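# need the 3D shape of this:
(one chain, ligands or ions: 1)
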Amino acid sequence: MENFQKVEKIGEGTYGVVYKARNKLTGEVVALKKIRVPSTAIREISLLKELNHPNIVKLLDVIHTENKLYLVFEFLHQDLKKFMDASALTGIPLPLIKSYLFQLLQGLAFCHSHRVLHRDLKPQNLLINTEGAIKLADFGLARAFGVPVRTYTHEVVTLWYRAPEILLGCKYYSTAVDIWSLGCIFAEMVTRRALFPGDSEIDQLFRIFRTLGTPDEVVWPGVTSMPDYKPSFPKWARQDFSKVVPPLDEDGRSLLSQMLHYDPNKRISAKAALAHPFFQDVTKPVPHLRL
Ligand SMILES: CC(C)C(=O)COc1nc(N)nc2nc[nH]c12
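Numbers count the residues shown, from 1 in each chain. Sure, the structure comes next:
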């Protein structure tokens, strides 16, 4: 750590404090993430060093010193949560939403082709730059370190973007969980409000059910056999997506629906999503960022 000068605390991450820092020899500005160390975790993290893509925040190095672990990442100046709050009066323009979604799908397609999932996608870990790029931060860390109920500073880890199969107790969930999360994020960018802002696991589930309908064996074969499925769940009808994400045109609503399919095996893949007609006119606008 003596090789880095802390510039400023960025915040409190899932696993530990996060600092903006400068490398003393090369001059590089980086994000340093303390991870509050099993050999298995070191080996997993080590694998992430090679999982490089332009839409994945680059893992520069891993520093393990005195039973303390620090991850050194590419630094970006803003996150999507902050950008969305800043863009709340007018909304993020559809071409920019589309660009961001397209880029995020490319990052997912890459990592998913290597069988690596994120598992905790959320606006706070989607980072943006002045050039119109967006990148996924913290990819693969959930498998390395787990996703806790509370962070190291006791903050509640959000449930808002969690896939139903996770909430229903599926042990061996897949890359589809990331597609679900991204679909939730897509909807939030469009509407300027979280899609499913649950404040407990059951509230999360029931919010999903109230919008998408309570899942059953017709739409999700096997669902009634999942560990946390209860036959006593209320039965709500599915809403039309025209009511759920209004501004959004039929191509976007079609794609969102496929990203929000209940059955993970039927949920669209990132690679198939990239081919969807919604991206026919995709472009790369530059965001208004005041840093
Ligand atoms: C929620 C907050 C505490 C956090 O995890 C901040 O994370 C990060 N912030 C910046 N600017 N660049 C990064 N590169 C990788 N992760 C990054």
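# tell me where the stretch 151-291 of the chain has helices.
Ranges of helices within the stretch 151-291 of the chain are 164-167, 176-191, 201-212, 241-244, 250-259, 270-274, based on DSSP state H, counting those that start in this stretch.
# now for those, which one comes closest to residue 102?
For residue 102, the closest of the helices of the stretch 151-291 of the chain is helix 270-274, at 7.0 Å, according to Cβ to Cβ. Using the backbone N, CA and C atoms, a C-beta is placed for each residue, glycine as well.
# can you pull the buried residues of that closest one?
Of the residues in helix 270-274, those with enough neighbours to count as buried (16 or more other Cβ atoms under 10 Å) are 270, 273-274.
# repeat for stretch 152-166
Of the residues in stretch 152-166, 158-166 count as buried by neighbour count, 16+ other Cβ under 10 Å.
# domain-wise, how is the chain divided?
1-77, 78-289 (curated CATH domains).
# columns distance to the ligand on top of these, output as TSV?
Compiled in TSV, these are given as follows (distance: least, Cβ to the nearest ligand atom, whole Å):
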stretch	distance to the ligand
domain 1-77	3
domain 78-289	4
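# just want the most central residue of the protein.
The residue lying closest to the centre of the chain (Cα atoms, centre = their mean) is residue 121, at 1.5 Å.
# OK, contacts around that one?
Contacts for residue 121 (Cβ atoms under 8 Å, 6 or more residues apart in numbering) come out as 136, 161, 178, 181-182, 185.
# what of residue 273?
For residue 273, counting by Cβ under 8 Å, 6+ apart, the contacting residues are 105, 179, 255, 258-259.
# what about residue 61, which helix or strand?
Using DSSP states H and E, residue 61 sits in strand 59-65.
# now do that strand: distance to the chain's middle.
Relative to the centre of its chain, strand 59-65 is centred 23 Å away, using Cα atoms, centre = their mean, to the nearest Å.
# following it, which helix or strand shows up next?
Read in the C-terminal direction, the helix or strand following strand 59-65 is strand 68-74, with elements assigned using DSSP H and E.
# let me know the angle separating that next one from strand 59-65.
If you take axes from the mean of the first three to the mean of the last three Cα atoms, to 10 degrees, strand 68-74 sits at 160 degrees to strand 59-65.
# how about the contacts of residue 121, which pair is most distant?
Taking Cβ to Cβ as the measure, the contacts of residue 121 reach their widest spread between 136 and 161, a distance of 12.7 Å.
# give me the number of residues near the nearest residue to residue 142 once chain neighbours are set aside?
In space, and not counting its chain neighbours, residue 142 is closest to residue 119: 3.9 Å by Cβ to Cβ, 6 or more residues apart in numbering. Neighbouring residues of residue 119 were enumerated by other Cβ atoms under 10 Å; the total is 22.
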